[PDB]
Amino acid sequence: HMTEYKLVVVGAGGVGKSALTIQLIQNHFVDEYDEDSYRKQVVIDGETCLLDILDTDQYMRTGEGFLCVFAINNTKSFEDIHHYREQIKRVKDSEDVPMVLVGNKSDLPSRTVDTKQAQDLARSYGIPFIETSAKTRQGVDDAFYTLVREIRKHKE
Ligand SMILES: Nc1nc2c(ncn2[C@@H]2O[C@H](COP(=O)(O)OP(=O)(O)OP(=O)(O)O)[C@@H](O)[C@H]2O)c(=O)[nH]1
Ligand SMILES: [Mg+2]
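- Looking at the method and resolution fields of the entry, one finds X-ray crystallography and 1.9600 Å.

### Some words on unusual backbone geometry
Stage number 1. The residue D45 is not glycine, and still its phi comes out positive at about 45°.
Stage number 2. Tracing the backbone through its elements, the reader meets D45 in the loop between β2 (37–44) and β3 (47–55).
Stage number 3. Overall, the relative accessible area of 53% leaves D45 in the exposed class.
Stage number 4. Of note in the backbone geometry, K105 takes a positive phi value of approximately 75° without being a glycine.
Stage number 5. Note that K105 resides in the loop between β5 (99–104) and α4 (115–125).
Stage number 6. The class of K105 is partly exposed, set by a relative accessible area of 24%.

### Comments concerning the packing of helix α1 (residues 17–26) against helix α5 (residues 140–154)
Stage number 1. α5 packs onto α1 with a crossing angle of 90° between their chain directions and a minimal axis gap of 10 Å. Judged by the angle between their axes, α1 and α5 are roughly perpendicular. Facing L20, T21, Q23 and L24 of α1, the residues of α5 in contact are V140, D141 and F144.
Stage number 2. Classifying every residue of the contact of α1 with α5 gives four nonpolar, two polar and one charged.

### Considering the pairing of β3
Stage number 1. Burial runs high along β3: seven of the nine residues are buried.
Stage number 2. By the bridge criterion, seven bridges tie strand β1 (residues 3–10) to β3 in an arrangement that is parallel. Within the sheet, the bridge partner assigned to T3 lies in β3 and is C49.
Stage number 3. Examined bridge by bridge, β2 and β3 share eight bridges and lie antiparallel to one another. When the sheet's bridge partners are listed, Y38 is paired in β3 with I53.
Stage number 4. Taking the residues between adjacent antiparallel strands as the criterion, β2 and β3 are bridged by two residues, where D45 takes a positive phi near 45°.

Each value, and the rule that gives it
- Here the numbering of residues is sequential along each chain, from 1 in written sequence order, and it may depart from the entry's numbering. Residues without coordinates do not appear.
- Each chain takes a letter, starting from A, and each ligand takes a number, starting from 1, following the order in which they are written.
- As a rule here, side-chain values come from all non-hydrogen atoms in the structure, and water together with hydrogens is ignored.
- A run of DSSP states H or I qualifies as a helix once it reaches four residues; a run of E qualifies as a strand once it reaches two. Both are numbered from the N-terminal end.
- Each residue's exposure class comes from its accessible area (1.4 Å probe, protein chains only) as a fraction of the maximum for that residue type: buried when under 20%, exposed when over 50%, partly exposed otherwise.
- Only the stretch in contact is used when a helix axis is fitted, and all axes are lines through C-alpha atoms; the angle between N-to-C directions ranges over 0 to 180 degrees.
- Working rule for angles: under 35 degrees goes down as roughly parallel, over 145 as roughly antiparallel, 65 to 115 as roughly perpendicular, anything else as oblique.
- Two residues qualify as a contact provided that any one of their heavy atoms is within 4.5 Å of a heavy atom in the partner residue.
- Polar here means any residue outside two lists: the nonpolar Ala, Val, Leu, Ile, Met, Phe, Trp, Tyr, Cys and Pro, and the charged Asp, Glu, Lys and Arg; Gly therefore counts as polar.
- For two strands to count as paired, DSSP must find a minimum of two bridges between them.

Spelled out as structure tokens, the structure:
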């Protein structure tokens, strides 16, 4: 009676992958954290979805959609997005994998990646860009829901 979506959250260490997932799962922001996956049931456009979420193998090759996360005060995390996308394109053998680019930590003032750099990168890949804060919860639902919608756009 519900539809499963297998989602994988990738990106450089420290960008807030666990925090974003924990925000989705328990509606709270964890300052310090620690080895498995999470399930969440959520209605998205009138469909009961069971999200199966891996934070950071089986999931990489069977994942249906990817959140590619960098932090907006970590220029290197942003630069490394290319490596994460090439990896995904390799291990799914397609140039057209459901994916959302997420720029996390928007609450922080120390901002070294501009919204234009990020908009440019996402436009080049043909994917949505969503800005988030795991701390304030801004954008978190939006990122996961938009990923579900990209998966649907691609396959039944
Ligand atoms: N201010 C702020 N801090 C955040 C945010 N997201 C995560 N952090 C902090 O950044 C640090 C790293 O967050 P994690 O979720 O552990 O990062 P991760 O990407 O899962 O790191 P790995 O699991 O090592 O790959 C932690 O101290 C978090 O509290 C955010 O949106 N805003
Ligand atoms: Mg993590």
